[PDB]
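Here's upload21.pdb, which has PDB, C-alpha atoms:
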```
ATOM      1  CA  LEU L   1     111.215  95.619 -88.559  1.00  0.00           C
ATOM      2  CA  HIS L   2     112.204  93.609 -91.627  1.00  0.00           C
ATOM      3  CA  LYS L   3     115.427  93.299 -93.696  1.00  0.00           C
ATOM      4  CA  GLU L   4     115.079  93.673 -97.471  1.00  0.00           C
ATOM      5  CA  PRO L   5     117.710  92.850-100.084  1.00  0.00           C
ATOM      6  CA  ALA L   6     119.683  95.507-101.864  1.00  0.00           C
ATOM      7  CA  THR L   7     122.820  95.683-104.039  1.00  0.00           C
ATOM      8  CA  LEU L   8     125.679  98.104-103.632  1.00  0.00           C
ATOM      9  CA  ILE L   9     126.084 100.724-106.340  1.00  0.00           C
ATOM     10  CA  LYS L  10     128.382 103.166-104.621  1.00  0.00           C
ATOM     11  CA  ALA L  11     129.766 104.209-101.287  1.00  0.00           C
ATOM     12  CA  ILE L  12     129.329 107.991-101.068  1.00  0.00           C
ATOM     13  CA  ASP L  13     130.447 109.038 -97.623  1.00  0.00           C
ATOM     14  CA  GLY L  14     130.602 107.641 -94.088  1.00  0.00           C
ATOM     15  CA  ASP L  15     126.878 108.256 -93.666  1.00  0.00           C
ATOM     16  CA  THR L  16     125.450 107.813 -97.170  1.00  0.00           C
ATOM     17  CA  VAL L  17     125.456 104.960 -99.716  1.00  0.00           C
ATOM     18  CA  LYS L  18     123.839 104.399-103.108  1.00  0.00           C
ATOM     19  CA  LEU L  19     122.076 101.056-103.465  1.00  0.00           C
ATOM     20  CA  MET L  20     119.839  99.344-106.010  1.00  0.00           C
ATOM     21  CA  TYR L  21     116.694  98.787-103.941  1.00  0.00           C
ATOM     22  CA  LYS L  22     113.595  97.189-105.479  1.00  0.00           C
ATOM     23  CA  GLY L  23     115.495  97.317-108.786  1.00  0.00           C
ATOM     24  CA  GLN L  24     115.983 101.079-108.754  1.00  0.00           C
ATOM     25  CA  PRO L  25     118.945 103.191-107.664  1.00  0.00           C
ATOM     26  CA  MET L  26     118.309 105.086-104.424  1.00  0.00           C
ATOM     27  CA  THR L  27     120.492 106.903-101.937  1.00  0.00           C
ATOM     28  CA  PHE L  28     120.307 105.909 -98.258  1.00  0.00           C
ATOM     29  CA  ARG L  29     121.259 107.949 -95.219  1.00  0.00           C
ATOM     30  CA  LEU L  30     122.209 105.806 -92.180  1.00  0.00           C
ATOM     31  CA  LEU L  31     119.754 106.107 -89.258  1.00  0.00           C
ATOM     32  CA  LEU L  32     120.923 107.546 -85.962  1.00  0.00           C
ATOM     33  CA  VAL L  33     124.557 108.186 -86.854  1.00  0.00           C
ATOM     34  CA  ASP L  34     126.600 111.302 -87.454  1.00  0.00           C
ATOM     35  CA  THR L  35     129.913 110.699 -89.223  1.00  0.00           C
ATOM     36  CA  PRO L  36     132.551 113.395 -89.780  1.00  0.00           C
ATOM     37  CA  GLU L  37     133.126 115.254 -93.078  1.00  0.00           C
ATOM     38  CA  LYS L  38     138.628 114.939 -88.195  1.00  0.00           C
ATOM     39  CA  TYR L  39     138.227 111.180 -88.914  1.00  0.00           C
ATOM     40  CA  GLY L  40     136.119 111.978 -91.974  1.00  0.00           C
ATOM     41  CA  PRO L  41     138.370 110.033 -94.349  1.00  0.00           C
ATOM     42  CA  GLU L  42     138.689 107.159 -91.890  1.00  0.00           C
ATOM     43  CA  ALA L  43     134.907 107.015 -91.413  1.00  0.00           C
ATOM     44  CA  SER L  44     134.366 107.002 -95.182  1.00  0.00           C
ATOM     45  CA  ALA L  45     136.979 104.359 -95.812  1.00  0.00           C
ATOM     46  CA  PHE L  46     135.507 102.107 -93.092  1.00  0.00           C
ATOM     47  CA  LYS L  47     131.962 102.426 -94.493  1.00  0.00           C
ATOM     48  CA  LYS L  48     133.361 101.777 -98.000  1.00  0.00           C
ATOM     49  CA  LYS L  49     135.220  98.606 -97.092  1.00  0.00           C
ATOM     50  CA  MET L  50     132.257  97.250 -95.132  1.00  0.00           C
ATOM     51  CA  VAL L  51     129.815  97.605 -98.013  1.00  0.00           C
ATOM     52  CA  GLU L  52     132.179  96.722-100.890  1.00  0.00           C
ATOM     53  CA  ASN L  53     133.399  93.560 -99.178  1.00  0.00           C
ATOM     54  CA  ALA L  54     129.908  92.419 -98.215  1.00  0.00           C
ATOM     55  CA  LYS L  55     128.375  89.581-100.161  1.00  0.00           C
ATOM     56  CA  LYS L  56     124.849  90.513 -98.994  1.00  0.00           C
ATOM     57  CA  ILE L  57     123.648  94.094 -98.250  1.00  0.00           C
ATOM     58  CA  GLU L  58     120.258  94.558 -96.613  1.00  0.00           C
ATOM     59  CA  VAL L  59     118.121  97.624 -95.866  1.00  0.00           C
ATOM     60  CA  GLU L  60     115.913  97.789 -92.788  1.00  0.00           C
ATOM     61  CA  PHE L  61     113.540 100.728 -92.536  1.00  0.00           C
ATOM     62  CA  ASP L  62     112.456 101.815 -89.067  1.00  0.00           C
ATOM     63  CA  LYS L  63     108.855 102.571 -87.969  1.00  0.00           C
ATOM     64  CA  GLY L  64     109.168 106.347 -88.518  1.00  0.00           C
ATOM     65  CA  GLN L  65     109.490 108.480 -91.658  1.00  0.00           C
ATOM     66  CA  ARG L  66     111.334 106.522 -94.345  1.00  0.00           C
ATOM     67  CA  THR L  67     112.860 109.360 -96.413  1.00  0.00           C
ATOM     68  CA  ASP L  68     114.469 112.688 -95.489  1.00  0.00           C
ATOM     69  CA  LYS L  69     113.823 115.991 -97.240  1.00  0.00           C
ATOM     70  CA  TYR L  70     116.668 115.252 -99.737  1.00  0.00           C
ATOM     71  CA  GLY L  71     114.953 112.098-100.880  1.00  0.00           C
ATOM     72  CA  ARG L  72     117.405 109.782 -99.058  1.00  0.00           C
ATOM     73  CA  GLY L  73     116.080 106.429 -97.651  1.00  0.00           C
ATOM     74  CA  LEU L  74     116.447 106.471 -93.857  1.00  0.00           C
ATOM     75  CA  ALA L  75     117.506 102.974 -92.803  1.00  0.00           C
ATOM     76  CA  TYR L  76     119.703 100.621 -90.927  1.00  0.00           C
ATOM     77  CA  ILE L  77     122.089  99.042 -93.429  1.00  0.00           C
ATOM     78  CA  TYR L  78     123.522  95.556 -92.845  1.00  0.00           C
ATOM     79  CA  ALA L  79     126.502  93.919 -94.514  1.00  0.00           C
ATOM     80  CA  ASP L  80     126.646  90.147 -94.074  1.00  0.00           C
ATOM     81  CA  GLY L  81     124.179  90.565 -91.180  1.00  0.00           C
ATOM     82  CA  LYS L  82     126.311  93.084 -89.326  1.00  0.00           C
ATOM     83  CA  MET L  83     124.786  96.554 -88.899  1.00  0.00           C
ATOM     84  CA  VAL L  84     126.926  99.231 -90.545  1.00  0.00           C
ATOM     85  CA  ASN L  85     125.354 101.951 -88.379  1.00  0.00           C
ATOM     86  CA  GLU L  86     126.377 100.102 -85.234  1.00  0.00           C
ATOM     87  CA  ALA L  87     129.852  99.228 -86.568  1.00  0.00           C
ATOM     88  CA  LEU L  88     130.700 102.874 -87.272  1.00  0.00           C
ATOM     89  CA  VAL L  89     129.655 103.982 -83.801  1.00  0.00           C
ATOM     90  CA  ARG L  90     131.381 101.038 -82.082  1.00  0.00           C
ATOM     91  CA  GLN L  91     134.574 101.926 -83.942  1.00  0.00           C
ATOM     92  CA  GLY L  92     134.452 105.559 -82.704  1.00  0.00           C
ATOM     93  CA  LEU L  93     133.933 106.721 -86.306  1.00  0.00           C
ATOM     94  CA  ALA L  94     130.419 108.159 -85.750  1.00  0.00           C
ATOM     95  CA  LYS L  95     128.421 109.648 -82.864  1.00  0.00           C
ATOM     96  CA  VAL L  96     124.824 108.704 -82.218  1.00  0.00           C
ATOM     97  CA  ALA L  97     122.455 111.345 -83.715  1.00  0.00           C
ATOM     98  CA  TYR L  98     119.163 112.639 -82.344  1.00  0.00           C
ATOM     99  CA  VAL L  99     116.071 110.505 -83.089  1.00  0.00           C
ATOM    100  CA  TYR L 100     114.444 111.788 -86.313  1.00  0.00           C
ATOM    101  CA  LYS L 101     110.698 111.363 -86.793  1.00  0.00           C
ATOM    102  CA  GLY L 102     109.990 108.207 -84.714  1.00  0.00           C
ATOM    103  CA  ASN L 103     112.988 106.223 -86.051  1.00  0.00           C
ATOM    104  CA  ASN L 104     114.359 105.097 -82.670  1.00  0.00           C
ATOM    105  CA  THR L 105     114.259 101.294 -82.658  1.00  0.00           C
ATOM    106  CA  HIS L 106     118.028 100.820 -82.397  1.00  0.00           C
ATOM    107  CA  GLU L 107     118.813 103.948 -80.398  1.00  0.00           C
ATOM    108  CA  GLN L 108     119.735 102.136 -77.207  1.00  0.00           C
ATOM    109  CA  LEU L 109     121.865  99.593 -79.107  1.00  0.00           C
ATOM    110  CA  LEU L 110     123.804 102.402 -80.720  1.00  0.00           C
ATOM    111  CA  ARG L 111     124.177 104.382 -77.503  1.00  0.00           C
ATOM    112  CA  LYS L 112     125.702 101.267 -75.910  1.00  0.00           C
ATOM    113  CA  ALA L 113     128.209 100.972 -78.752  1.00  0.00           C
ATOM    114  CA  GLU L 114     129.049 104.681 -78.478  1.00  0.00           C
ATOM    115  CA  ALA L 115     129.591 104.488 -74.702  1.00  0.00           C
ATOM    116  CA  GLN L 116     132.082 101.668 -75.278  1.00  0.00           C
ATOM    117  CA  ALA L 117     134.037 103.455 -77.997  1.00  0.00           C
ATOM    118  CA  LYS L 118     134.200 106.516 -75.730  1.00  0.00           C
ATOM    119  CA  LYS L 119     135.440 104.450 -72.789  1.00  0.00           C
ATOM    120  CA  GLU L 120     138.125 103.103 -75.167  1.00  0.00           C
ATOM    121  CA  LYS L 121     139.121 106.610 -76.274  1.00  0.00           C
ATOM    122  CA  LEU L 122     138.756 105.205 -79.775  1.00  0.00           C
ATOM    123  CA  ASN L 123     139.202 107.402 -82.896  1.00  0.00           C
ATOM    124  CA  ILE L 124     136.859 110.404 -82.569  1.00  0.00           C
ATOM    125  CA  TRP L 125     136.973 109.830 -78.805  1.00  0.00           C
ATOM    126  CA  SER L 126     140.765 110.029 -78.715  1.00  0.00           C
TER     127      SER L 126
END
```
Is it possible to give me this structure as structure tokens?
Amino acid sequence: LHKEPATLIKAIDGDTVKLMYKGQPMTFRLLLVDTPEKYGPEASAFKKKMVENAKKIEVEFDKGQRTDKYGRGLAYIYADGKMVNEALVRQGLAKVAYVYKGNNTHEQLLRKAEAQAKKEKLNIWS
């Protein structure tokens, strides 16, 4: 997999973000995470801060289908090299979702993060 540059336009929700990608606006849905929205507001504020504070945002498509039926890019999003998808799960602000259409590269990574949050009774796991 490869990271590509993008620019933040707008944080939408814990699990969705609008980016300029290849010099057009596109909406991205985070791979392999389910966020609430309860911890919905907390999940959204965490996502928001992570992307808005980042100096560099990058998009990494997986090896599976790259867009959902709503036209959203399905990707791992990084802020300053740290994966947002992972960060949400590790913080107990998202659960790991089922693999969608072959996009499973970071599934074990995320499951590890989730197990740890759960062991810590953190946020959603409290």
What's the 12 Å shell around residue L:108, counting all atoms listed in the file, without same-chain residues fewer than 6 positions away, as a list in words?
-> residues 32, 86, 96, 97, 98, 99, 114 and 115 of chain L
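Minimum atom-to-atom distances from L:29, L:38, L:118, L:3 to residue L:71 were compared using only C-alpha atoms, and the lowest value belongs to L:29.
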Using all atoms listed in the file, which residues sit within 6 Å of residue L:19 once same-chain residues fewer than 5 positions away are excluded, as a list in words?
-> residues 7, 8, 9, 25 and 26 of chain L
For residue L:102, which of L:23, L:36, L:81, L:64 is the closest residue, counting only C-alpha atoms?
-> L:64
Within 6 Å of file point (122.5, 91.9, -99.7), counting only C-alpha atoms, expressed as a PyMOL selection string = chain L and resi 5-7+56-58
Could you give me, as a PyMOL selection string, the residues within 9 Å of residue L:13, counting all atoms listed in the file and dropping anything in the same chain fewer than 6 positions from it?
-> chain L and resi 35+37+40-41+43-45+47-48
Can you tell me, as lines of an AutoDock Vina configuration file, the centre and edge lengths (Å, one decimal) of the axis-aligned box enclosing all of stretch 9-20 of chain L's listed atoms after padding each side by 3 Å?
```
center_x = 125.2
center_y = 104.2
center_z = -100.0
size_x = 16.8
size_y = 15.7
size_z = 18.7
```
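Remark: for residue L:75, the closest of the candidate residues L:122, L:33, L:117, L:12 is L:33 (distances computed over only C-alpha atoms).
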For atom CA of residue L:112 and atom CA of residue L:88, quote the distance in Å rounded to one decimal.
-> 12.5 Å
Work out how far atom CA of residue L:91 is from atom CA of residue L:119, in Å to one decimal.
-> 11.5 Å
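The two atoms in question, atom CA of residue L:92 and atom CA of residue L:125, are spaced 6.3 Å apart.
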Leaving out residue L:1 and any residue of its chain fewer than 4 positions from it, which residues lie within 7 Å of it when counting all atoms listed in the file, given as a count of residues only?
-> 3
Contacts of residue L:74 at 9 Å (all atoms listed in the file; same-chain gap of 2+ positions) as an MDAnalysis selection string = chainID L and resid 28:31 60:62 65:68 72 76 103
